[PDB]
Amino acid sequence: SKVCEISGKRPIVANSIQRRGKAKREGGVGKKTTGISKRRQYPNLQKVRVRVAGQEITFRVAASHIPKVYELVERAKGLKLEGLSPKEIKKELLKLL
Amino acid sequence: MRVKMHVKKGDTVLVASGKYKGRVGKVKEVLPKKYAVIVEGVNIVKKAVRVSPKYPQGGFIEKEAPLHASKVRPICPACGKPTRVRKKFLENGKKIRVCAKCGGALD
Amino acid sequence: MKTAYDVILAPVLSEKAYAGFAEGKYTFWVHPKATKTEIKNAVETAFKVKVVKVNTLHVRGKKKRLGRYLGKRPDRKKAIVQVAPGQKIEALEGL
Amino acid sequence: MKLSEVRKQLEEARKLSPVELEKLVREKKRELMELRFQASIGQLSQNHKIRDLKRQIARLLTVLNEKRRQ
RNA sequence: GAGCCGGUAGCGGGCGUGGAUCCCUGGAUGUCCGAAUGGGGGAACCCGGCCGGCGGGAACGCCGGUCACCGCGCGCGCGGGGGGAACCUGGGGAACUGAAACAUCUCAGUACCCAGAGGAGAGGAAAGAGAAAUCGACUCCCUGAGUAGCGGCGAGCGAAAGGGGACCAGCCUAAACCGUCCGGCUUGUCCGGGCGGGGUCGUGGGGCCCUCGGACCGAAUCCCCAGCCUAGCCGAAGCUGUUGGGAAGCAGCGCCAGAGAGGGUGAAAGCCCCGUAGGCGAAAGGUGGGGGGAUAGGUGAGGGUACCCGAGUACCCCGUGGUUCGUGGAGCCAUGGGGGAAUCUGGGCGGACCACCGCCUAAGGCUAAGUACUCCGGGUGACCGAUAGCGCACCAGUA
RNA sequence: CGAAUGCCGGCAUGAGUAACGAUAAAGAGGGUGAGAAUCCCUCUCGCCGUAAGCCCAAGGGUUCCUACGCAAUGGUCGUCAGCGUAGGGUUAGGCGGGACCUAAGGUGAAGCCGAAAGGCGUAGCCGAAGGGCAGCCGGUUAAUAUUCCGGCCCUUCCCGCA
RNA sequence: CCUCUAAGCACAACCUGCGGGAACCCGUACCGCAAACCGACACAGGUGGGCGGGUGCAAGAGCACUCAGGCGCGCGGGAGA
Ligand SMILES: [Mg+2]
Ligand SMILES: [Mg+2]
Ligand SMILES: [Mg+2]
Ligand SMILES: [Mg+2]
Ligand SMILES: [Mg+2]
Ligand SMILES: [Mg+2]
Ligand SMILES: [Mg+2]
Ligand SMILES: [Mg+2]
Ligand SMILES: [Mg+2]
Ligand SMILES: [Mg+2]
Ligand SMILES: [Mg+2]
Ligand SMILES: [Mg+2]
Ligand SMILES: [Mg+2]
Ligand SMILES: [Mg+2]
Ligand SMILES: [Mg+2]
Ligand SMILES: [Mg+2]
Ligand SMILES: [Mg+2]
Ligand SMILES: [Mg+2]
Ligand SMILES: [Mg+2]
Ligand SMILES: [Mg+2]
Ligand SMILES: [Mg+2]
Ligand SMILES: [Mg+2]
Ligand SMILES: [Mg+2]
Ligand SMILES: [Mg+2]
Ligand SMILES: [Mg+2]
Ligand SMILES: [Mg+2]
Ligand SMILES: [Mg+2]
Ligand SMILES: [Mg+2]
Ligand SMILES: [Mg+2]
Ligand SMILES: [Mg+2]
Ligand SMILES: [Mg+2]
Ligand SMILES: [Mg+2]
Ligand SMILES: [Mg+2]
Ligand SMILES: [Mg+2]
Ligand SMILES: [Mg+2]
Ligand SMILES: [Mg+2]
Ligand SMILES: [Mg+2]
Ligand SMILES: [Mg+2]
Ligand SMILES: [Mg+2]
Ligand SMILES: [Mg+2]
Ligand SMILES: [Mg+2]
Ligand SMILES: [Mg+2]
Ligand SMILES: [Mg+2]
Ligand SMILES: [Mg+2]
Ligand SMILES: [Mg+2]
Ligand SMILES: [Mg+2]
Ligand SMILES: [Mg+2]
Ligand SMILES: [Mg+2]
Ligand SMILES: [Mg+2]
Ligand SMILES: [Mg+2]
Ligand SMILES: [Mg+2]
Ligand SMILES: [Mg+2]
Ligand SMILES: [Mg+2]
Ligand SMILES: [Mg+2]
Ligand SMILES: [Mg+2]
Ligand SMILES: [Mg+2]
Ligand SMILES: [Mg+2]
Ligand SMILES: [Mg+2]
Ligand SMILES: [Mg+2]
Ligand SMILES: [Mg+2]
Ligand SMILES: [Mg+2]
Ligand SMILES: [Mg+2]
Ligand SMILES: [Mg+2]
Ligand SMILES: [Mg+2]
Ligand SMILES: [Mg+2]
Ligand SMILES: [Mg+2]
Ligand SMILES: [Mg+2]
Ligand SMILES: [Mg+2]
Ligand SMILES: [Mg+2]
Ligand SMILES: [Mg+2]
Ligand SMILES: [Mg+2]
Ligand SMILES: [Mg+2]
Ligand SMILES: [Mg+2]
Ligand SMILES: [Mg+2]
Ligand SMILES: [Mg+2]
Ligand SMILES: [Mg+2]
Ligand SMILES: [Mg+2]
Ligand SMILES: [Mg+2]
Ligand SMILES: [Mg+2]
Ligand SMILES: [Mg+2]
Ligand SMILES: [Mg+2]
Ligand SMILES: [Mg+2]
Ligand SMILES: [Mg+2]
Ligand SMILES: [Mg+2]
Ligand SMILES: [Mg+2]
Ligand SMILES: [Mg+2]
Ligand SMILES: [Mg+2]
Ligand SMILES: [Mg+2]
Ligand SMILES: [Mg+2]
Ligand SMILES: [Mg+2]
Ligand SMILES: [Mg+2]
Ligand SMILES: [Mg+2]
Ligand SMILES: [Mg+2]
Ligand SMILES: [Mg+2]
Ligand SMILES: [Mg+2]
Ligand SMILES: [Mg+2]
Ligand SMILES: [Mg+2]
Ligand SMILES: [Mg+2]
Ligand SMILES: [Mg+2]
Ligand SMILES: [Mg+2]
Ligand SMILES: [Mg+2]
Ligand SMILES: [Mg+2]
Ligand SMILES: [Mg+2]
Ligand SMILES: [Mg+2]
Ligand SMILES: [Mg+2]
Ligand SMILES: [Mg+2]
Ligand SMILES: [Mg+2]
Ligand SMILES: [Mg+2]
Ligand SMILES: [Mg+2]
Ligand SMILES: [Mg+2]
Ligand SMILES: [Mg+2]
Ligand SMILES: [Mg+2]
Ligand SMILES: [Mg+2]
Ligand SMILES: [Mg+2]
Ligand SMILES: [Mg+2]
Ligand SMILES: [Mg+2]
Ligand SMILES: [Mg+2]
Ligand SMILES: [Mg+2]
Ligand SMILES: [Mg+2]
Ligand SMILES: [Mg+2]
Ligand SMILES: [Mg+2]
Ligand SMILES: [Mg+2]
Ligand SMILES: [Mg+2]
Ligand SMILES: [Mg+2]
Ligand SMILES: [Mg+2]
Ligand SMILES: [Mg+2]
Ligand SMILES: [Mg+2]
Ligand SMILES: [Mg+2]
Ligand SMILES: [Mg+2]
Ligand SMILES: [Mg+2]
Ligand SMILES: [Mg+2]
Ligand SMILES: [Mg+2]
Ligand SMILES: [Mg+2]
Ligand SMILES: [Mg+2]
Ligand SMILES: [Mg+2]
Ligand SMILES: [Mg+2]
Ligand SMILES: [Mg+2]
Ligand SMILES: [Mg+2]
Ligand SMILES: [Mg+2]
Ligand SMILES: [Mg+2]
Ligand SMILES: [Mg+2]
Ligand SMILES: [Mg+2]
Ligand SMILES: [Mg+2]
Ligand SMILES: [Mg+2]
Ligand SMILES: [Mg+2]
Ligand SMILES: [Mg+2]
Ligand SMILES: [Mg+2]
Ligand SMILES: [Mg+2]
Ligand SMILES: [Mg+2]
Ligand SMILES: [Mg+2]
Ligand SMILES: [Mg+2]
Ligand SMILES: [Mg+2]
Ligand SMILES: [Mg+2]
Ligand SMILES: [Mg+2]
Ligand SMILES: [Mg+2]
Ligand SMILES: [Mg+2]
Ligand SMILES: [Mg+2]
Ligand SMILES: [Mg+2]
Ligand SMILES: [Zn+2]
């Protein structure tokens with residue numbers, strides 16, 4: 001229920017459509033809409049605790065790009081990173097995206 | 001910006017119009033705001049004043065009243081004739097008032 | 001630049017002010033942002049005296065009108081400096 | 001004040017030094033307060049003297065500023 | 001270029017050709033509050049740290065300087081914060097009402113809220129349109145057209161291509177490959193991250209590899225100028241007599257006119273005043289889309305090679321949104337969930353699907369003008385003329 | 001325009017009518033003044049007195065004092081006033097609030113949450129009529145005083161000596 | 001406020017006694033059960049804290065009379081349905 005830190009995904013808005021009756025293709029009169037109401041669709045966000053530079057880094061990223069986190073990590077090896085703090089190692093990774 | 005006066009205190013002017021039309025004299029003052037002028041002995045008017053330490057015995061005092069500038073016309077000291085004011089560019093290169101009847105100057 | 005002449009403005013001209021000269025207490029129209037410590041130095045550095053005490057107070061501006069418009073005279077502040085026993089600010093003894 | 005006077009006060013001032021300008025100023029602002037107390041009692045008839053000082057004091061602080069801005 | 005100290009006279013005193021008041025550009029000063037930011041705070045109030053100065057100054061107080069938070073970049077530097085009448089784009093987003101009830105539908109993605117930007121904003125250089133075997137970025141207006149289509153086919157909604165106009169312009173990157181600096185351990189023909197080169201396209205192009213050939217284009221960044229803006233200046237030609245409080249009226253005799261628009265003057269003035277036609281004008285700030293000059297930047301051909309050609313992306317299904325499309329035969333564009341490729345022998349498209357034939361070349365970005373609004377200044381009205389015209393012609397967002 | 005219980009304003013009728021805001025209450029004399037039941041002084045009468053008297057705090061904001069005024073406000077009158085004009089008046093090391101503290105609550109390093117706006121949040125900060133802190137009596141002015149004066153006490157901080 | 005120690009400091013520092021000096025910003029007027037605050041009014045309404053004397057009534061902040069202090073309530077005069 002927020003924003004992927006890797007994909008920039010974000011809660012979009014979708015309608016909840018309610019339909020009744022038989023379709024045409026099933027040899028029926030056709031579908032009928034009985035009630036449309038906005039919903040909202042969330043990205044399947046999850047936590048991703050990783051340890052980098054002897055420091056724990058956790059992302060609130062959607063389940064889609066989870067394998068990108070480790071990529072960032074894997075890609076971050078070539079960086080002066082010791083001595084830094086968590087928020088510092090995060091920002092340094094994100095800059096790789 | 002400025003109020004355009006073709007006449008200035010205190011050159012000699014011709015009361016072109018009004019009750020004292022034709023009369024002549026010096027410009028005793030210039031009022032740009034109301035765009036008027038006072039002329040010596042012209043537009044005379046009797047005005048009242050309190051029995052005041054300045055004006056004991058009460059009575060009235062002849063004041064010289066202002067006139068609209070379009071009513072006054074300057075008198076070229078050369079041809080002595082009332083004229084419209086042109087403006088000459090000397091080599092100063094200042095600009096000077098000069099009679100339109102003759103090239104004379106007016107200050 | 002700020003000088004003791006910027007702190008002190010004019011004297012309090014009243015029967016009550018005058019009646020303080022005898023005891024050496026001289027009243028002034030000071031600056032509302034002026035300070036008892038700020039005044040002192042201003043009187044001294046200007047009247048060659050030794051201020052021993054200062055009493056200040058605010059005088060609020062009066063509301064006035066030109067029949068049709070309502071406004072207010074400015075707000076004023078005044079001090080009451082005590083000078084060392086025997087000193088005098090002559091310019092006020094004037095009277 | 002008169003213009004020519006004004007001009008001089010500028011030539012003379014711009015010849016001076018900030019200290020000699022602060023010191024100078026410090027005096028005329030005394031010269032004011034003297035006048036303020038005179039008018040406060042009505043014994044100030046040449047009341048135009050006031051406006052001059054302030055605008056003298058002003059013209060001084062300016063030239064003082066011209067120097068220091070450097 | 002002769003008066004001035006505002007609307008505002010008076011009392012009381014000054015100034016101005018030794019060029020004032022006034023007008024325009026630059027500069028200085030600019031208390032306190034306000035994003036308000038040293039700290040707090042019931043805005044304009046209150047209380048501090050540091051360095052330097054004043055006072056007789058150690059305590060007390062005043063003066064000058066500095067001290068909030070955030071992002072980015074190797075404690076210090078550049079940037080952000082807030083305001084703006086509407087106009088613009090993005091994130092969200094109703095209802096009355098219409099359907100002569102009403103739920104899908106409409107009103108409408110309008111009103112409104114929020115973030116952002118700017119003098120404009122958005123969009124924009126085809127993975128386009130769609131049947132011409134053609135067009136050639138985008139934006140706007142006309143037209144196409146209330147056509148095609150959409151729709152409890154009810155009320156109603158409503159395109160695009162093409163054509164005629166305004167404006168006109170096209171570019172930088174990512175990946176293969178060469179080199180270089182750094183750091184990791186699992187020691188190199190290594191992997192990773194910076195920088196530089198190279199490269200950017202669809203008659204497909206580019207790299208590497210041989211081979212042949214070795215100046216004209218030119219900016220949207222920079223510079224100089226004309227031009228324009230913010231004060232201004234020159235500007236043709238009438239006297240008299242007469243009634244009258246006043247002449248500009250009636251009479252006589254004249255004149256100017258690249259000026260007989262209009263407004264003033266004691267009434268009705270081409271020639272009295274301010275002006276009008278026609279010309280002049282900027283030391284300094286601003287602008288400068290037009291002129292000249294620089295610079296970053298631009299460019300050949302066959303041959304073979306099959307390294308690269310923008311990833312949780314294309315693609316399939318599931319849930320939606322946009323388009324004229326309300327599940328409809330439902331494609332195209334976009335994406336919240338799942339599964340999940342390829343590099344030209346690739347892939348998306350041409351209205352489900354298959355084939356033939358054709359168009360294009362996504363998953364990085366930038367881009368002038370033509371377009372929209374009107375707090376501001378100016379011109380102009382078969383617009384109002386103090387119950388009208390803005391809510392205010394006057395001290396009104398006031399009492 | 002003749003009507004919309006129309007809109008803005010002006011002016012009539014009811015009408016010299018009800019009423020003039022507690023049934024605690026008034027009477028005479030002297031003065032003032034153009035003008036007096038209505039102002040000042042004096043005597044007599046009545047009225048509140050767990051108040052209708054005296055202090056403090058909220059709130060109001062110059063209404064307090066004095067001189068000169070009565071067109072308008074005063075439910076009459078007015079020479080009076082909380083009204084019009086001008087001048088004067090509020091003085092703190094100790095009384096109250098700050099440079100001291102914490103409460104509910106408010107905000108809010110860290111940290112968490114949300115399409116934006118924003119919503120939470122230990123510490124810390126802000127937050128009082130609670131805590132803590134050193135002035136008592138009297139005199140003075142037309143108008144201020146636990147503030148000025150007088151006498152007698154006390155607090156904190158800086159420097160110096162022991 | 002007292003007390004306990006830690007770094008540091010133990011020529012400083014703090015406690016007690018005396019001495020000289022220093023001691024800032026805001027508020028202070030006036031109304032305040034009301035003609036000045038809330039009620040469109042000089043409105044018989046509402047508004048927190050303290051003092052609130054004397055005598056008698058069993059007591060009391062009740063009740064009646066009264067001190068100090070303050071008032072007769074901002075239209076009057078008659079008439080006697
Ligand atoms: Mg559903
Ligand atoms: Mg069928
Ligand atoms: Mg249907
Ligand atoms: Mg996990
Ligand atoms: Mg997956
Ligand atoms: Mg990517
Ligand atoms: Mg004549
Ligand atoms: Mg002319
Ligand atoms: Mg200054
Ligand atoms: Mg006295
Ligand atoms: Mg001294
Ligand atoms: Mg005070
Ligand atoms: Mg004060
Ligand atoms: Mg008043
Ligand atoms: Mg000057
Ligand atoms: Mg004036
Ligand atoms: Mg005079
Ligand atoms: Mg100041
Ligand atoms: Mg601040
Ligand atoms: Mg703050
Ligand atoms: Mg210092
Ligand atoms: Mg000082
Ligand atoms: Mg300071
Ligand atoms: Mg902005
Ligand atoms: Mg939108
Ligand atoms: Mg809703
Ligand atoms: Mg509805
Ligand atoms: Mg409707
Ligand atoms: Mg209808
Ligand atoms: Mg409708
Ligand atoms: Mg309906
Ligand atoms: Mg209906
Ligand atoms: Mg209904
Ligand atoms: Mg709609
Ligand atoms: Mg929107
Ligand atoms: Mg904002
Ligand atoms: Mg904005
Ligand atoms: Mg434009
Ligand atoms: Mg743009
Ligand atoms: Mg391209
Ligand atoms: Mg057609
Ligand atoms: Mg048609
Ligand atoms: Mg049908
Ligand atoms: Mg629609
Ligand atoms: Mg088209
Ligand atoms: Mg076309
Ligand atoms: Mg055009
Ligand atoms: Mg073109
Ligand atoms: Mg490299
Ligand atoms: Mg090729
Ligand atoms: Mg370019
Ligand atoms: Mg002219
Ligand atoms: Mg005549
Ligand atoms: Mg004539
Ligand atoms: Mg005409
Ligand atoms: Mg014309
Ligand atoms: Mg005219
Ligand atoms: Mg006419
Ligand atoms: Mg005319
Ligand atoms: Mg022209
Ligand atoms: Mg020119
Ligand atoms: Mg090429
Ligand atoms: Mg080749
Ligand atoms: Mg290949
Ligand atoms: Mg839909
Ligand atoms: Mg169906
Ligand atoms: Mg659909
Ligand atoms: Mg289509
Ligand atoms: Mg998806
Ligand atoms: Mg192919
Ligand atoms: Mg294929
Ligand atoms: Mg596709
Ligand atoms: Mg497809
Ligand atoms: Mg297809
Ligand atoms: Mg297609
Ligand atoms: Mg097809
Ligand atoms: Mg094919
Ligand atoms: Mg195509
Ligand atoms: Mg691509
Ligand atoms: Mg763009
Ligand atoms: Mg643009
Ligand atoms: Mg444009
Ligand atoms: Mg306009
Ligand atoms: Mg008219
Ligand atoms: Mg008309
Ligand atoms: Mg009117
Ligand atoms: Mg009106
Ligand atoms: Mg009229
Ligand atoms: Mg009719
Ligand atoms: Mg009725
Ligand atoms: Mg009626
Ligand atoms: Mg009736
Ligand atoms: Mg009406
Ligand atoms: Mg009668
Ligand atoms: Mg009756
Ligand atoms: Mg009756
Ligand atoms: Mg009656
Ligand atoms: Mg009784
Ligand atoms: Mg009597
Ligand atoms: Mg009498
Ligand atoms: Mg009377
Ligand atoms: Mg009387
Ligand atoms: Mg009475
Ligand atoms: Mg009693
Ligand atoms: Mg108060
Ligand atoms: Mg009030
Ligand atoms: Mg008074
Ligand atoms: Mg009266
Ligand atoms: Mg009267
Ligand atoms: Mg009266
Ligand atoms: Mg009245
Ligand atoms: Mg009356
Ligand atoms: Mg009344
Ligand atoms: Mg009298
Ligand atoms: Mg009196
Ligand atoms: Mg009184
Ligand atoms: Mg009064
Ligand atoms: Mg009067
Ligand atoms: Mg007095
Ligand atoms: Mg004291
Ligand atoms: Mg205190
Ligand atoms: Mg302090
Ligand atoms: Mg606290
Ligand atoms: Mg909060
Ligand atoms: Mg808390
Ligand atoms: Mg603290
Ligand atoms: Mg307290
Ligand atoms: Mg307390
Ligand atoms: Mg204490
Ligand atoms: Mg105390
Ligand atoms: Mg005691
Ligand atoms: Mg007093
Ligand atoms: Mg010792
Ligand atoms: Mg110890
Ligand atoms: Mg140790
Ligand atoms: Mg030692
Ligand atoms: Mg001591
Ligand atoms: Mg302070
Ligand atoms: Mg009273
Ligand atoms: Mg009272
Ligand atoms: Mg009282
Ligand atoms: Mg009561
Ligand atoms: Mg009470
Ligand atoms: Mg009560
Ligand atoms: Mg009310
Ligand atoms: Mg009231
Ligand atoms: Mg009452
Ligand atoms: Mg109650
Ligand atoms: Mg008893
Ligand atoms: Mg009893
Ligand atoms: Mg009882
Ligand atoms: Mg009782
Ligand atoms: Mg009783
Ligand atoms: Mg009564
Ligand atoms: Mg009575
Ligand atoms: Mg009564
Ligand atoms: Mg009666
Ligand atoms: Mg009767
Ligand atoms: Zn002549």
# chains A, B, ... in the order shown; residues from 1 in each chain; ligands from 1
>>> residues_around(residues="range 24-30 of chain B", least_positions_apart="6", cutoff="12 Å", atoms="only C-alpha atoms (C1' of nucleotides)", output="VMD selection string")
(chain B and resid 3 to 17 36 to 43 64 to 69 71 to 75 80 to 82) or (chain E and resid 2 to 3)
>>> interface_residues(of="chain C", to="chain G", cutoff="10 Å", atoms="only C-alpha atoms (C1' of nucleotides)", output="number ranges by chain")
C: 33, 35-37, 57-58
>>> write_last_selection(atoms="N, CA and C atoms", output="PDB file, in the first residue's frame")
ATOM      1  N   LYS C  33      11.915  51.246  22.236  1.00  0.00           N
ATOM      2  CA  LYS C  33      12.856  50.133  22.251  1.00  0.00           C
ATOM      3  C   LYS C  33      14.085  50.415  23.103  1.00  0.00           C
ATOM      4  N   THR C  35      16.287  51.053  26.654  1.00  0.00           N
ATOM      5  CA  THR C  35      16.430  50.184  27.811  1.00  0.00           C
ATOM      6  C   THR C  35      17.038  50.963  28.967  1.00  0.00           C
ATOM      7  N   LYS C  36      16.567  50.675  30.184  1.00  0.00           N
ATOM      8  CA  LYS C  36      17.079  51.333  31.383  1.00  0.00           C
ATOM      9  C   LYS C  36      18.600  51.366  31.380  1.00  0.00           C
ATOM     10  N   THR C  37      19.226  50.245  31.019  1.00  0.00           N
ATOM     11  CA  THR C  37      20.676  50.231  30.868  1.00  0.00           C
ATOM     12  C   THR C  37      21.105  51.057  29.663  1.00  0.00           C
ATOM     13  N   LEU C  57       8.530  53.744  31.637  1.00  0.00           N
ATOM     14  CA  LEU C  57       7.144  53.329  31.477  1.00  0.00           C
ATOM     15  C   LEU C  57       6.675  53.718  30.083  1.00  0.00           C
ATOM     16  N   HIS C  58       5.661  53.005  29.604  1.00  0.00           N
ATOM     17  CA  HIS C  58       5.090  53.241  28.285  1.00  0.00           C
ATOM     18  C   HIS C  58       3.864  54.140  28.366  1.00  0.00           C
TER      19      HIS C  58
END
>>> interface_residues(of="chain B", to="chain E", cutoff="7 Å", atoms="only C-alpha atoms (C1' of nucleotides)", output="PDB file with N, CA and C atoms, in the first residue's frame")
ATOM      1  N   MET B   1       4.051  64.895 -16.417  1.00  0.00           N
ATOM      2  CA  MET B   1       5.223  65.230 -15.619  1.00  0.00           C
ATOM      3  C   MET B   1       5.182  66.686 -15.168  1.00  0.00           C
ATOM      4  N   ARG B   2       5.273  67.604 -16.127  1.00  0.00           N
ATOM      5  CA  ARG B   2       5.252  69.032 -15.854  1.00  0.00           C
ATOM      6  C   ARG B   2       4.024  69.662 -16.495  1.00  0.00           C
ATOM      7  N   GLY B  18     -11.393  87.666 -21.414  1.00  0.00           N
ATOM      8  CA  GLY B  18     -11.910  87.996 -20.100  1.00  0.00           C
ATOM      9  C   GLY B  18     -12.470  89.403 -20.039  1.00  0.00           C
ATOM     10  N   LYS B  19     -12.879  89.785 -18.826  1.00  0.00           N
ATOM     11  CA  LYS B  19     -13.423  91.125 -18.633  1.00  0.00           C
ATOM     12  C   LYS B  19     -12.351  92.187 -18.823  1.00  0.00           C
ATOM     13  N   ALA B  69      -4.430  80.228 -17.924  1.00  0.00           N
ATOM     14  CA  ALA B  69      -3.253  80.599 -18.703  1.00  0.00           C
ATOM     15  C   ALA B  69      -3.603  80.848 -20.164  1.00  0.00           C
ATOM     16  N   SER B  70      -4.538  80.073 -20.716  1.00  0.00           N
ATOM     17  CA  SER B  70      -4.943  80.278 -22.103  1.00  0.00           C
ATOM     18  C   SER B  70      -5.466  81.685 -22.354  1.00  0.00           C
ATOM     19  N   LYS B  71      -5.751  82.449 -21.299  1.00  0.00           N
ATOM     20  CA  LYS B  71      -6.256  83.806 -21.437  1.00  0.00           C
ATOM     21  C   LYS B  71      -5.145  84.834 -21.585  1.00  0.00           C
TER      22      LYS B  71
END
>>> interface_residues(of="chain E", to="chain D", cutoff="9 Å", atoms="only C-alpha atoms (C1' of nucleotides)", output="number ranges by chain")
E: 12-16, 18, 20, 28-29
>>> write_last_selection(atoms="C-alpha atoms (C1' of nucleotides)", output="PDB file, in the first residue's frame")
ATOM      1  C1'   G E  12       6.422  79.166  11.905  1.00  0.00           C
ATOM      2  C1'   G E  13      10.897  79.058   8.819  1.00  0.00           C
ATOM      3  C1'   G E  14      13.423  77.730   4.175  1.00  0.00           C
ATOM      4  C1'   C E  15      15.060  76.486  -1.215  1.00  0.00           C
ATOM      5  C1'   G E  16      15.729  77.488  -6.490  1.00  0.00           C
ATOM      6  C1'   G E  18      25.762  78.240  -8.438  1.00  0.00           C
ATOM      7  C1'   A E  20      15.622  73.360  -7.295  1.00  0.00           C
ATOM      8  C1'   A E  28      22.698  53.263  -0.373  1.00  0.00           C
ATOM      9  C1'   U E  29      19.808  53.099   3.857  1.00  0.00           C
TER      10        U E  29
END
>>> residues_around(residues="range 17-27 of chain A", least_positions_apart="3", cutoff="10 Å", atoms="only C-alpha atoms (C1' of nucleotides)", output="PDB file with C-alpha atoms (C1' of nucleotides), in the first residue's frame")
ATOM      1  CA  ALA A  14      -9.656   0.866 -10.950  1.00  0.00           C
ATOM      2  CA  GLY A  30     -26.142  -9.800 -22.966  1.00  0.00           C
ATOM      3  CA  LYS A  31     -24.351  -8.612 -19.845  1.00  0.00           C
ATOM      4  CA  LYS A  32     -25.762  -5.787 -17.723  1.00  0.00           C
ATOM      5  CA  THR A  33     -23.836  -3.481 -15.399  1.00  0.00           C
ATOM      6  CA  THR A  34     -25.499  -3.301 -11.976  1.00  0.00           C
ATOM      7  CA  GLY A  35     -23.033  -1.051 -10.138  1.00  0.00           C
ATOM      8  CA  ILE A  36     -19.701   0.655 -10.834  1.00  0.00           C
ATOM      9  CA  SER A  37     -17.630   1.940  -7.916  1.00  0.00           C
ATOM     10  CA  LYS A  38     -14.004   3.050  -7.781  1.00  0.00           C
ATOM     11  CA  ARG A  39     -11.575   0.761  -6.018  1.00  0.00           C
TER      12      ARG A  39
ATOM     13  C1'   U E 104     -26.219   1.380 -16.277  1.00  0.00           C
ATOM     14  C1'   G E 319      -8.635  -6.994 -12.964  1.00  0.00           C
ATOM     15  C1'   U E 320      -9.306  -1.518 -15.081  1.00  0.00           C
ATOM     16  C1'   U E 327     -18.206  -6.864 -23.345  1.00  0.00           C
ATOM     17  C1'   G E 328     -19.738  -5.770 -27.966  1.00  0.00           C
ATOM     18  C1'   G E 329     -17.209  -9.701 -32.987  1.00  0.00           C
TER      19        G E 329
END
>>> residues_near_ligand(ligand="ligand 9", cutoff="12 Å", atoms="only C-alpha atoms (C1' of nucleotides) and all ligand atoms", output="list in words")
residues 1, 2, 3 and 6 of chain C; 22, 25, 54, 57, 58, 59, 60, 61, 62, 64 and 65 of chain D; 28, 29, 30, 31, 63 and 64 of chain E
>>> residues_near_ligand(ligand="ligand 81", cutoff="10 Å", atoms="only C-alpha atoms (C1' of nucleotides) and all ligand atoms", output="PyMOL selection string")
chain E and resi 118-121+367-369
>>> interface_residues(of="chain A", to="chain F", cutoff="12 Å", atoms="only C-alpha atoms (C1' of nucleotides)", output="compact mmCIF listing (two decimals) with N, CA, C and O atoms, in the first residue's frame")
# COMPACT_ATOMS: atom_id res chain seq x y z
N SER A 1 0.82 -1.20 0.00
CA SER A 1 0.00 0.00 0.00
C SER A 1 0.86 1.26 0.00
O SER A 1 0.70 2.13 0.86
N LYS A 2 1.77 1.35 -0.97
CA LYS A 2 2.66 2.51 -1.05
C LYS A 2 3.37 2.54 -2.40
O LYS A 2 2.73 2.32 -3.44
N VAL A 3 4.67 2.80 -2.41
CA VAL A 3 5.43 3.01 -3.63
C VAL A 3 6.62 2.06 -3.64
O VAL A 3 7.42 2.05 -2.69
N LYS A 9 6.41 1.99 -9.09
CA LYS A 9 4.98 1.67 -9.08
C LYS A 9 4.24 2.41 -7.97
O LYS A 9 4.85 2.90 -7.02
N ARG A 10 2.91 2.48 -8.08
CA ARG A 10 2.13 3.33 -7.20
C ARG A 10 0.68 2.88 -7.27
O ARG A 10 0.26 2.34 -8.30
N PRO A 11 -0.09 3.04 -6.20
CA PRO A 11 -1.50 2.64 -6.23
C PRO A 11 -2.25 3.37 -7.33
O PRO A 11 -2.37 4.60 -7.33
N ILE A 12 -2.76 2.60 -8.30
CA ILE A 12 -3.60 3.14 -9.35
C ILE A 12 -5.05 3.04 -8.90
O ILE A 12 -5.34 2.50 -7.83
N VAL A 13 -5.97 3.55 -9.72
CA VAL A 13 -7.40 3.52 -9.43
C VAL A 13 -8.08 2.68 -10.50
O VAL A 13 -7.90 2.92 -11.70
N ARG A 40 -9.17 0.66 -5.65
CA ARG A 40 -7.79 1.07 -5.85
C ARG A 40 -6.91 -0.16 -5.75
O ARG A 40 -7.08 -0.98 -4.84
N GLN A 41 -5.97 -0.28 -6.68
CA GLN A 41 -5.14 -1.47 -6.83
C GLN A 41 -3.75 -1.17 -6.29
O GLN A 41 -3.09 -0.22 -6.74
N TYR A 42 -3.29 -2.00 -5.33
CA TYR A 42 -1.99 -1.80 -4.71
C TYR A 42 -0.94 -2.69 -5.36
O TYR A 42 -1.25 -3.79 -5.83
>>> interface_residues(of="chain F", to="chain C", cutoff="8 Å", atoms="only C-alpha atoms (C1' of nucleotides)", output="PyMOL selection string")
chain F and resi 62+88+90-91
>>> select_by_dssp(residues="range 3-70 of chain D", states="alpha helix (DSSP H)", output="ChimeraX atom specification")
/D:3-14,18-40,48-68
>>> residues_near_ligand(ligand="ligand 51", cutoff="7 Å", atoms="only C-alpha atoms (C1' of nucleotides) and all ligand atoms", output="list in words")
residues 171, 219 and 220 of chain E
